[PDB]
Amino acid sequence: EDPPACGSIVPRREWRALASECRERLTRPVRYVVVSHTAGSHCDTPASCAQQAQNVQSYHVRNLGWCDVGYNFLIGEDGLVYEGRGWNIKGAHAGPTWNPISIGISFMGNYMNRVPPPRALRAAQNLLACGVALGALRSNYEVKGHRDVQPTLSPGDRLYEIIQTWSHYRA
């Protein structure tokens, strides 16, 4: 019934992100969502996750030389979502074919033999519903696992197994 009717996100300033230099935009409404995992260590507190988001971005910006952390959003096990490039900026998370047409959300950690806590799954699914309500994502958007569009084990066997059951999943 009123404008800002969706999910909470930790803003860039809050997790002390380096300023983005990316300018290429995505065309909303976006149809695809690609779920990946950072494949590294997980975090489970606002404190550790903010730090983890800073490290992921550092690697992408410092080492890979990218304009900003590749993901549009990051999901910490603290149950919070971390603002990446956002709903309107093209990400670098699934290749030249899917980057310009999807939203890349990455779960912080490695989920090959471990599943994310319920609160992390709720945060991600709450975020997608937020993207629909805002008009950032199509009402009939499609969820893919990173390994469905790129050769990689991401988002991890256990997590990949989870998203396959999701309402919007379409391999």
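Each residue number is its position in the shown sequence, starting from 1. What we label the rigid core is the largest C-alpha set whose atoms superpose within 1.5 Å from one form to the other.
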18-26 against 5-13 - segment lying farther from this form in 9 other deposited structures of this protein (CA RMS, rigid core fit): 5-13
Per the PDB record, is the mean Cα temperature factor higher over 23-31 or over 117-125? 23-31
Averaging C-alpha B-factors over each stretch, which comes out higher, 56-64 or 137-145? 56-64
Checking the record values for 18, 162, 10, 153, which has the greatest CA B factor? 18
Compare the C-alpha B factor of residue 45 with those of the other modelled residues in its chain, then answer lowest, middle or highest third. middle
What third of the chain does residue 132 rank in for C-alpha temperature factor, lowest, middle or highest? middle
